[PDB]
Amino acid sequence: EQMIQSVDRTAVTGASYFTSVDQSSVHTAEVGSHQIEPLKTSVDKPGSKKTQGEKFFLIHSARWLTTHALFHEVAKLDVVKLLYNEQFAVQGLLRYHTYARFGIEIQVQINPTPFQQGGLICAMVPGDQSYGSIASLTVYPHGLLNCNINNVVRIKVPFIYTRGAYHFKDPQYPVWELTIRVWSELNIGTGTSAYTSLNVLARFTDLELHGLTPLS
Amino acid sequence: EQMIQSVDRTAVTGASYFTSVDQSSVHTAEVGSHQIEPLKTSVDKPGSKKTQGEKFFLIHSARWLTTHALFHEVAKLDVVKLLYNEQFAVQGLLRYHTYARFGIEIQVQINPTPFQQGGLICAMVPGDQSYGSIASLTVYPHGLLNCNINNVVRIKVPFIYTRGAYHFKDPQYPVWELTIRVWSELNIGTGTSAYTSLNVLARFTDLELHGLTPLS
Amino acid sequence: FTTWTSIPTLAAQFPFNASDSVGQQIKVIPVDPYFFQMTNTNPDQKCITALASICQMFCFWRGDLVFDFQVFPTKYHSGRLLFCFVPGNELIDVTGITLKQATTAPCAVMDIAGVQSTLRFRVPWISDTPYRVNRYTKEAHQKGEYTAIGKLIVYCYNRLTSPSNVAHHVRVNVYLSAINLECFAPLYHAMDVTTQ
Amino acid sequence: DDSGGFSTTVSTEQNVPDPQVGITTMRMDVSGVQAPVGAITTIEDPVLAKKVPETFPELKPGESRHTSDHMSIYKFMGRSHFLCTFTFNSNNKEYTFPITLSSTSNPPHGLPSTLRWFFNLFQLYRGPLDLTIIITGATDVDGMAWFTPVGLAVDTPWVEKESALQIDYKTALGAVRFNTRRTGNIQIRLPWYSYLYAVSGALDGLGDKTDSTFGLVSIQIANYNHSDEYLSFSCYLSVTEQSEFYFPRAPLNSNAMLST
Amino acid sequence: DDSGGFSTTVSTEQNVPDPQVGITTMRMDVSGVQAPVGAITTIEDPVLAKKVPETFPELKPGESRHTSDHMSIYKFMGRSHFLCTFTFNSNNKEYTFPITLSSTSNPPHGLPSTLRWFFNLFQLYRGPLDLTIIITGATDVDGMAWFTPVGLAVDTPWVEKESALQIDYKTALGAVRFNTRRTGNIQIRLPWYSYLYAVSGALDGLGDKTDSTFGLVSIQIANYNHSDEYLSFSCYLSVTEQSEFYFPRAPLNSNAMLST
Amino acid sequence: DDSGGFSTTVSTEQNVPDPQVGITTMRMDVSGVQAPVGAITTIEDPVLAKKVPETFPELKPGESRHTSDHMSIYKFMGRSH
């Protein structure tokens, strides 16, 4: 007894999310193999989620001057919204994926000349500075600045939000709001320079992606 | 003997490719942890390289008619160039990464009515149809079409190119060129419909990414 | 020939003034072993790098490159820089890149202040072809044959703050060293000074 | 699968390279009382197209009666074939011809009879070649031959003129030195000096004049001339055992197989 | 220490000769989760300048795909390059040229294109060389080549005139005898006949014309001439595997790399 | 680290929740012949800001004399408002 087998009609193939089931199917032929390159024309790792979406991104550049009074808010911005911009590589991962869940890494670098004096504050505020005390900001995870000792601090805070995932197209409220206020006034004499720079390097940590969208 | 330790000055931190070394450093504080969601508001897998960049993408829609003569080339296109377009999710991975190395998966689905007759050819051609024989196309990895038996075929071919990586901004020549020619003429009588559709579903296999660019 | 190549030899020179804007391009560098621009008037001589003389006697080259940007500030200067790597060829309109668009490309941040000057920035092989040709023997441009696997841009990531009793510029030297270098198919070609 | 494209059927290995060695030898009846299963089949499915072909009850033809083998490229294109030929007009007219594997370059300025068909049967090429030149004609003529890879400065292709190059650029690349009275012929290899991976014969566009060429043979003469006699050089090619072949291509049509 | 110069720190071994063989081969990740320590460093201290260079998380490029090796001088300068060339005017015009490794001697009377750059990359030189001469031109000409070390009586350098020397002084030093019709080319060694230790290329003053030269190749002809035809000789050089190299020097600037 | 942001120093756990139960009880001298290390410190570094505060040679105040506890929210906001 001989039997000539025929082609199967039903087939469940495709990709992760794009799912197709066909009634008229055929055998997918395959020749060759995925060839590796021994004399590597690229000595670093390829593009991946781990190295692209988590890397320090400059979001704002201001300049702390001498004419600022006490407890003047130097910077007032959204850490999440400034990372949503066309000029970054995190635009490439967040454009097709709507939902977002992430931790916030903060590193702020300033550069004073040592013939000045004064100090700053860098707190991480959830939501808004609605009725929080200026003098009680150290309860927040903060990092201070000094013209005597250091010029680099870092702050690692988790996702503080009323929900779990994030919507980019219509946010209810900003998730984090990085604040920088004048902790001590910047004084100079004669000849000492009356400017010193300020930069905020921010990046995401522990990103999830859910629910792909067709729209931009 | 007591010793008060101080802050380290040198620090090597950052991301995969973005590399920074600072002279004025501070300890990166860290609070909380990356929280998981037990009542999952997303039952599928998150966005990744494995499920996004390898999924069937319709690249062309033509219509094989009855008035076509013998050995008329129905489709003439570039499989790699039509996948380079704004309306796909593979634009999101290839926009920041210049170099490319990929295998070509092909699935072509047509839909004839069973009161017609005729056949097609679907070969995969490296470079161009410069001086190849029309009658000797079966040496190529092909898949034929028939009004009698089947309507779904699949072809898996490797990366056939003079070099190893690919440049999107200025190609020397097209890597693959999917050809579809009239293998048998489509005849009808009276009342049988004089049109039948044609679709090409193509996707990448075994993609590498090297050498990120700042330009678009 | 490894003894001459990986030793850091001066290839260029650019200062860091204080009269510039945030994100202004200072100097664009075609990243290749064929890079030299300095000279001397007395005696009549054009200064060559030890890497370029080794590689100017070949048709092809392949290997990584290590730049060494040594600054000479005072102890009171400050500000930062951004050493972005823009790949491709030697001929695009590279001076239209926004500073936040350079954050997608691989890079490295750096503080000017401190007690360590030289940041050894290494160049990966970002290329479409495995063998990169010496095109400088020819005199006609041609798409397909390149010499630079990328272009370096030192951005004005921050401005220069300084006291009054020093100058308003910080000079950055450009050494040139290489690692994993490979060259074959010899020739003879006396290279020309790249005036960018 | 690394990609994630799932199917209801299984795609097998189609178009298996080198299915048979063409010697007719033994390696009863082939068909016979056993019924022919490959008599009727389905050709649209490549799985059932792999069935053994028979329609008649057969047996073995037998062992072949030539000791050598004439079904591999290593012993078929080993016999050398024509590439080009050229003459001389005046003193020190250095000649320069490239080797272009394209089929667009019609002969004599391109590929002649056998090499035009052979350099369009396979897609990519990576490896050396054999070069046998023949010197025939006038006597007491000095000469020199050398190699020059692509991507360098060289004289004009297929045009006989005075060389703008010098003895320092020609001899530093690698060369030989002979005389047209001693031996009059040179059998020389053609090594693979290329920065790219592999060259390809059949191309169009701007990549055909860039991603196909792999070598250049160029000759300068001296002590010319003597009493009036022609001076013609020949250039032949043959494949060597160090190269390989890739992706079997459909052959050239009948309107392209032309000779000089 | 034998001298007695004490210090509070330790001086290490700076500028280590031949740090790497230039084949790209294997001998995971080079950088990665491990932090780059050679990203930032201090270059004024040569101890901390010995740190491994990296700034990016990397991995191996892989194994190279040419079997030969083109990163050692034994197989780079093995391909021979130009030294000089000369012609003839009358009967028995013995030619005499020295080999001077100086960069002050501009070509043609000195070092041409490749050898001018190569004989100023290293300080001292001690060992033999390869000499390949090529005879091209008129026929039925007798000739003789010989060696003569420095510090002896010899004819005028780079000037073609009648030889004041004789057959007893030329043949007692060592010589060959040939004819321009039989073979027309000679591949000959250049042995190290020098009383000093090693010669040095780049010098100035009166020591440049004394502490650089190591050899002299000189040719006398006969049976000249026949019907009017040029008679040009060539002289090429290549390094041999018996010599060594010392103290790596900065290369030549762009105003010195000149050709003939 | 899951992200890949490397540093030359170590960031410790800052602003630890609920450092102390507010009952004054025992759980010799607190400071004394042993020198006060938390007298002088650096507050810009949160690592050295974790040092124990003292400036005087001290001892224990003792056990509190109310049985109930009035330093947790479960028994402070339990009285309705």
# chains A, B, ... in the order shown; residues from 1 in each chain; ligands from 1

call {"tool": "interface_residues", "arguments": {"of": "chain A", "to": "chain F", "cutoff": "12 Å", "atoms": "only C-alpha atoms", "output": "VMD selection string"}}
result
chain A and resid 48 to 57 102 to 107 119 to 122 138 to 157 201 to 207

call {"tool": "closest_atom_pairs", "arguments": {"of": "chain E", "to": "chain D", "cutoff": "8 Å", "atoms": "only C-alpha atoms", "output": "JSON lines"}}
result
{"residue": "E:79", "atom": "CA", "partner": "D:174", "partner_atom": "CA", "distance": 6.2}
{"residue": "E:80", "atom": "CA", "partner": "D:172", "partner_atom": "CA", "distance": 6.1}
{"residue": "E:81", "atom": "CA", "partner": "D:172", "partner_atom": "CA", "distance": 4.7}
{"residue": "E:82", "atom": "CA", "partner": "D:168", "partner_atom": "CA", "distance": 5.4}
{"residue": "E:112", "atom": "CA", "partner": "D:168", "partner_atom": "CA", "distance": 7.7}
{"residue": "E:113", "atom": "CA", "partner": "D:168", "partner_atom": "CA", "distance": 6.4}
{"residue": "E:114", "atom": "CA", "partner": "D:172", "partner_atom": "CA", "distance": 7.6}
{"residue": "E:134", "atom": "CA", "partner": "D:177", "partner_atom": "CA", "distance": 7.0}
{"residue": "E:136", "atom": "CA", "partner": "D:142", "partner_atom": "CA", "distance": 5.4}
{"residue": "E:137", "atom": "CA", "partner": "D:223", "partner_atom": "CA", "distance": 5.2}
{"residue": "E:138", "atom": "CA", "partner": "D:223", "partner_atom": "CA", "distance": 7.3}
{"residue": "E:139", "atom": "CA", "partner": "D:140", "partner_atom": "CA", "distance": 7.3}
{"residue": "E:182", "atom": "CA", "partner": "D:182", "partner_atom": "CA", "distance": 7.3}
{"residue": "E:183", "atom": "CA", "partner": "D:182", "partner_atom": "CA", "distance": 7.1}
{"residue": "E:184", "atom": "CA", "partner": "D:179", "partner_atom": "CA", "distance": 7.5}
{"residue": "E:185", "atom": "CA", "partner": "D:177", "partner_atom": "CA", "distance": 7.7}
{"residue": "E:229", "atom": "CA", "partner": "D:223", "partner_atom": "CA", "distance": 6.9}
{"residue": "E:230", "atom": "CA", "partner": "D:223", "partner_atom": "CA", "distance": 6.8}
{"residue": "E:259", "atom": "CA", "partner": "D:168", "partner_atom": "CA", "distance": 6.9}
{"residue": "E:260", "atom": "CA", "partner": "D:168", "partner_atom": "CA", "distance": 7.3}

call {"tool": "residues_around", "arguments": {"residues": "residue C:6", "least_positions_apart": "4", "cutoff": "10 Å", "atoms": "only C-alpha atoms", "output": "PyMOL selection string"}}
result
(chain C and resi 1-2+50-51+65-66+176-181) or (chain E and resi 18-20)

call {"tool": "closest_atom_pairs", "arguments": {"of": "chain C", "to": "chain D", "cutoff": "8 Å", "atoms": "only C-alpha atoms", "output": "tab-separated table"}}
result
residue	atom	partner	partner_atom	distance
C:59	CA	D:152	CA	6.9
C:60	CA	D:195	CA	6.0
C:129	CA	D:196	CA	6.3
C:130	CA	D:196	CA	6.2
C:131	CA	D:195	CA	4.1
C:132	CA	D:195	CA	6.3
C:133	CA	D:151	CA	6.4
C:134	CA	D:151	CA	6.7
C:135	CA	D:151	CA	6.1
C:137	CA	D:152	CA	5.2
C:138	CA	D:153	CA	5.1
C:144	CA	D:210	CA	7.5
C:145	CA	D:151	CA	7.6
C:185	CA	D:193	CA	6.3
C:186	CA	D:173	CA	6.4
C:187	CA	D:173	CA	5.7
C:188	CA	D:169	CA	6.3

call {"tool": "closest_residue", "arguments": {"among": "F:35, F:28, F:23, F:10", "to": "residue F:59", "atoms": "only C-alpha atoms"}}
result
F:28

call {"tool": "select_by_dssp", "arguments": {"residues": "chain C", "states": "alpha helix (DSSP H)", "output": "number ranges by chain"}}
result
C: 2-5, 50-55

call {"tool": "interface_residues", "arguments": {"of": "chain E", "to": "chain B", "cutoff": "12 Å", "atoms": "only C-alpha atoms", "output": "ChimeraX atom specification"}}
result
/E:29,31-42,54-59,61

call {"tool": "write_last_selection", "arguments": {"atoms": "N, CA and C atoms", "output": "PDB file, in the first residue's frame"}}
result
ATOM      1  N   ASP E  29      32.913  39.249  25.224  1.00  0.00           N
ATOM      2  CA  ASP E  29      33.056  40.686  25.040  1.00  0.00           C
ATOM      3  C   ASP E  29      34.443  41.161  25.455  1.00  0.00           C
ATOM      4  N   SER E  31      35.004  44.590  25.913  1.00  0.00           N
ATOM      5  CA  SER E  31      34.446  45.439  26.951  1.00  0.00           C
ATOM      6  C   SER E  31      32.938  45.242  26.962  1.00  0.00           C
ATOM      7  N   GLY E  32      32.304  45.686  28.039  1.00  0.00           N
ATOM      8  CA  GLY E  32      30.925  45.304  28.263  1.00  0.00           C
ATOM      9  C   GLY E  32      30.414  45.708  29.626  1.00  0.00           C
ATOM     10  N   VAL E  33      29.884  44.728  30.364  1.00  0.00           N
ATOM     11  CA  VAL E  33      29.403  44.955  31.726  1.00  0.00           C
ATOM     12  C   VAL E  33      30.553  45.399  32.628  1.00  0.00           C
ATOM     13  N   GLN E  34      31.761  44.904  32.359  1.00  0.00           N
ATOM     14  CA  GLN E  34      32.955  45.445  32.993  1.00  0.00           C
ATOM     15  C   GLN E  34      33.203  46.876  32.530  1.00  0.00           C
ATOM     16  N   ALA E  35      33.466  47.758  33.495  1.00  0.00           N
ATOM     17  CA  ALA E  35      33.578  49.179  33.218  1.00  0.00           C
ATOM     18  C   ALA E  35      34.893  49.500  32.504  1.00  0.00           C
ATOM     19  N   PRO E  36      34.878  50.470  31.579  1.00  0.00           N
ATOM     20  CA  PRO E  36      36.126  50.887  30.923  1.00  0.00           C
ATOM     21  C   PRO E  36      37.052  51.670  31.843  1.00  0.00           C
ATOM     22  N   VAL E  37      38.203  51.079  32.169  1.00  0.00           N
ATOM     23  CA  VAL E  37      39.176  51.774  33.005  1.00  0.00           C
ATOM     24  C   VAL E  37      40.111  52.618  32.141  1.00  0.00           C
ATOM     25  N   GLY E  38      40.292  52.245  30.876  1.00  0.00           N
ATOM     26  CA  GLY E  38      41.142  53.001  29.980  1.00  0.00           C
ATOM     27  C   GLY E  38      40.397  54.069  29.207  1.00  0.00           C
ATOM     28  N   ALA E  39      39.167  54.368  29.630  1.00  0.00           N
ATOM     29  CA  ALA E  39      38.437  55.476  29.030  1.00  0.00           C
ATOM     30  C   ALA E  39      39.049  56.808  29.435  1.00  0.00           C
ATOM     31  N   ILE E  40      39.246  57.019  30.732  1.00  0.00           N
ATOM     32  CA  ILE E  40      39.931  58.201  31.237  1.00  0.00           C
ATOM     33  C   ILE E  40      41.247  57.750  31.864  1.00  0.00           C
ATOM     34  N   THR E  41      42.281  58.572  31.692  1.00  0.00           N
ATOM     35  CA  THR E  41      43.633  58.242  32.136  1.00  0.00           C
ATOM     36  C   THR E  41      44.459  59.522  32.202  1.00  0.00           C
ATOM     37  N   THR E  42      45.743  59.361  32.524  1.00  0.00           N
ATOM     38  CA  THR E  42      46.709  60.455  32.563  1.00  0.00           C
ATOM     39  C   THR E  42      47.852  60.097  31.621  1.00  0.00           C
ATOM     40  N   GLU E  54      40.014  51.459  25.707  1.00  0.00           N
ATOM     41  CA  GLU E  54      38.640  51.202  25.306  1.00  0.00           C
ATOM     42  C   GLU E  54      37.773  52.367  25.760  1.00  0.00           C
ATOM     43  N   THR E  55      36.666  52.571  25.049  1.00  0.00           N
ATOM     44  CA  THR E  55      35.606  53.453  25.528  1.00  0.00           C
ATOM     45  C   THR E  55      34.203  52.903  25.322  1.00  0.00           C
ATOM     46  N   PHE E  56      34.018  51.854  24.524  1.00  0.00           N
ATOM     47  CA  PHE E  56      32.724  51.288  24.178  1.00  0.00           C
ATOM     48  C   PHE E  56      32.675  49.814  24.551  1.00  0.00           C
ATOM     49  N   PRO E  57      31.495  49.299  24.906  1.00  0.00           N
ATOM     50  CA  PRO E  57      31.335  47.846  25.088  1.00  0.00           C
ATOM     51  C   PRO E  57      31.457  47.120  23.755  1.00  0.00           C
ATOM     52  N   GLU E  58      32.501  46.302  23.622  1.00  0.00           N
ATOM     53  CA  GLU E  58      32.827  45.708  22.330  1.00  0.00           C
ATOM     54  C   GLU E  58      32.863  44.184  22.354  1.00  0.00           C
ATOM     55  N   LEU E  59      33.237  43.595  21.222  1.00  0.00           N
ATOM     56  CA  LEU E  59      33.541  42.173  21.110  1.00  0.00           C
ATOM     57  C   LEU E  59      34.516  42.004  19.948  1.00  0.00           C
ATOM     58  N   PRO E  61      36.238  41.451  16.402  1.00  0.00           N
ATOM     59  CA  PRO E  61      35.948  41.566  14.964  1.00  0.00           C
ATOM     60  C   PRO E  61      35.989  40.226  14.240  1.00  0.00           C
TER      61      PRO E  61
END

call {"tool": "atom_distance", "arguments": {"atom1": "atom CA of residue A:86", "atom2": "atom CA of residue A:129"}}
result
27.9 Å

call {"tool": "closest_residue", "arguments": {"among": "B:130, B:66, B:2, B:24", "to": "chain C", "atoms": "only C-alpha atoms"}}
result
B:24

call {"tool": "atom_distance", "arguments": {"atom1": "atom CA of residue E:63", "atom2": "atom CA of residue D:241"}}
result
22.9 Å

call {"tool": "closest_residue", "arguments": {"among": "A:127, A:211, A:189, A:118", "to": "chain C", "atoms": "only C-alpha atoms"}}
result
A:189

call {"tool": "residues_around", "arguments": {"residues": "stretch 17-20 of chain F", "least_positions_apart": "6", "cutoff": "12 Å", "atoms": "only C-alpha atoms", "output": "JSON, numbers by chain"}}
result
{"A": [139, 140, 141], "B": [31, 32], "F": [27, 50, 71, 72, 73]}

call {"tool": "closest_atom_pairs", "arguments": {"of": "chain C", "to": "chain B", "cutoff": "8 Å", "atoms": "only C-alpha atoms", "output": "Markdown table"}}
result
| residue | atom | partner | partner_atom | distance |
| --- | --- | --- | --- | --- |
| C:85 | CA | B:213 | CA | 7.2 |
| C:86 | CA | B:213 | CA | 5.2 |
| C:87 | CA | B:213 | CA | 5.4 |
| C:88 | CA | B:213 | CA | 7.7 |
| C:97 | CA | B:215 | CA | 6.5 |
| C:101 | CA | B:214 | CA | 5.5 |
| C:102 | CA | B:214 | CA | 4.5 |
| C:103 | CA | B:214 | CA | 6.9 |
| C:104 | CA | B:214 | CA | 5.5 |
| C:105 | CA | B:214 | CA | 4.5 |
| C:106 | CA | B:17 | CA | 4.6 |
| C:107 | CA | B:18 | CA | 4.1 |
| C:108 | CA | B:19 | CA | 3.9 |
| C:109 | CA | B:20 | CA | 4.1 |
| C:110 | CA | B:22 | CA | 5.5 |
| C:111 | CA | B:22 | CA | 5.2 |
| C:112 | CA | B:23 | CA | 7.5 |
| C:113 | CA | B:23 | CA | 6.4 |
| C:114 | CA | B:23 | CA | 4.6 |
| C:115 | CA | B:23 | CA | 6.7 |
| C:116 | CA | B:23 | CA | 6.7 |
| C:119 | CA | B:21 | CA | 7.5 |
| C:124 | CA | B:211 | CA | 7.6 |
| C:125 | CA | B:211 | CA | 7.4 |
| C:126 | CA | B:211 | CA | 4.5 |
| C:127 | CA | B:99 | CA | 6.9 |
| C:128 | CA | B:165 | CA | 4.4 |
| C:129 | CA | B:163 | CA | 5.7 |
| C:130 | CA | B:164 | CA | 7.0 |
| C:143 | CA | B:170 | CA | 7.6 |
| C:144 | CA | B:172 | CA | 6.5 |

call {"tool": "atom_distance", "arguments": {"atom1": "atom CA of residue F:79", "atom2": "atom CA of residue F:64"}}
result
22.0 Å

call {"tool": "residues_around", "arguments": {"residues": "residue C:74", "least_positions_apart": "3", "cutoff": "9 Å", "atoms": "only C-alpha atoms", "output": "list in words"}}
result
residues 77, 113, 162, 166 and 170 of chain C
